[PDB]
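Below is one structure, written out as structure tokens; comments come after it.
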DNA sequence: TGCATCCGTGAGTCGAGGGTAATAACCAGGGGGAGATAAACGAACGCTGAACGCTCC
DNA sequence: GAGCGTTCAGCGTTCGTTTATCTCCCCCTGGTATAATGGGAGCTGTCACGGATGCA
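Residue numbers (the UniProt record's numbering), protein chains in the order written: chain A, 9 to 85; chain B, 1204 to 1251; chain C, 366 to 438; chain D, 483 to 530.
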């Protein structure tokens, strides 16, 4: 029930840096928002929320929850 | 550009014109003028 | 008008000024409107030194965001 | 509007900031929370 | 070569707010745009019925 | 056929149009014939620092 609901220490050890984490959650949040705005096209490349979602929610909040599970993977190019 | 944004804004403009100095845009203060991303933190090539 | 002020001892009305000029009062009101001078934008308000007059007047040519998106809708 | 408003502000930070802002802890994000009156409530620990 | 002088630069942070003066004055001519009246066509009407059909004795 | 029934028709018949004429004030320019012949005027004081620039 707060911003601090996914703890930061668990998130930090997954990404090994701090600046890496913010862009990584933000890139994912951009994707999931873009998925919700298909409105009927149903393009294959986009992927929806992996975890369950509240009736109203912020896409960035969903993204951070996915990192804590650790299912999502990031790679620098 | 960063030097001009400091205390002197006539002498630096005057001699730059004479010297014909091309400003490479790497740096912090000059990347705030243009609106680009500062090379510090999330603005780095590797993080972004 | 300067002579009228000195003679009559009171600020003359435009109509009495008009008959002396022999023109109509509407012409008097018109010429008074043309006889002003602009005030410079780059001037201090006087409340503080830093503030300038030119940073207090808004433009109309800017595209208001709420109206522009409504037209698309 | 007030019912709708409480729904949208949740999980959306706001950056508080005091005027001199000497050092980088001058700007700090917070989770908002609606409160009546007209004055920003702030947390006593973060005052210094 | 040393000493004297002047010139340029900088000097926190956000708040509050709107207006400034004065002297020959005229015909004379004359140009140049801004507002006022009859001619070229085609489209509403106009009676012209005429020229076709639509029912009726 | 009687008597009138719909509907093209092209034709007038001036009224439709836009398009052509033509008369007028602001605006710009030029000219005055006694003699007249080198400004008013507003300042001034922060403070340190440095480097150019003058001069003993």
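Virtual Cβ for every residue (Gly too), placed ideally from N, Cα, C.
Quick one, which of D:499, D:517, D:520, D:484 has its alpha-carbon nearest residue 509 (chain D)'s? D:499
Could you give the uninterrupted runs of the beta strand (DSSP E) lying entirely in the segment 495-524 of chain D, keeping only those of 3 residues or more? 496-499, 509-512
Out of C:402, C:382, C:401, C:437, point me to the one whose CA is closest to residue 393 (chain C)'s CA. C:382
Residues bridged to residue 409 (chain C) by DSSP? C:417
Residue 377 (chain C) and residue 386 (chain C) look like a contact to me (Cβ under 8 Å); what is the Cβ gap, rounded to whole Å? Contact flag wrong, Cβ pair sits at about 11 Å.
Measure the C-alpha to C-alpha separation of residue 20 (chain A) and residue 429 (chain C) and round it to an integer number of angstroms. 42 Å
Pairwise C-alpha distance: residue 25 (chain A) and residue 18 (chain A): 12 Å
Are the beta-carbon atoms belonging to residue 1216 (chain B) and residue 1236 (chain B) less than 8 Å from one another? no
Is the Cβ of residue 37 (chain A) closer than 8 Å to any Cβ of chain B? no
Three-state secondary structure assigned by DSSP to residue 1217 (chain B): helix
Assuming residue 75 (chain A) and residue 42 (chain A) make a contact with CB atoms under 8 Å, what is their CB distance in whole Å? Wrong, their Cβ atoms sit about 18 Å apart, outside the cutoff.
Any idea what DSSP makes of residue 36 (chain A), helix, strand or coil? helix
Can you tell me whether residue 36 (chain A) is buried or exposed? The criterion is at least 16 other CB atoms within 10 Å of its CB, across all chains shown. buried
Pull up the CB-CB distance for residue 496 (chain D) and residue 511 (chain D), whole angstroms please, since I reckon it's below 8 Å. 7 Å
Whole-angstrom distance between residue 492 (chain D) and residue 48 (chain A), CA atom to CA atom: 28 Å
The segment 48-73 of chain A: positions lying closer than 7 Å to chain D by Cβ: 64, 66, 69
May I have the straight-line CA-CA distance separating residue 442 (chain C) from residue 438 (chain C), to the nearest angstrom? Given a span of 366 to 438 for chain C in the structure shown, any question on residue 442 (chain C) remains unanswerable.
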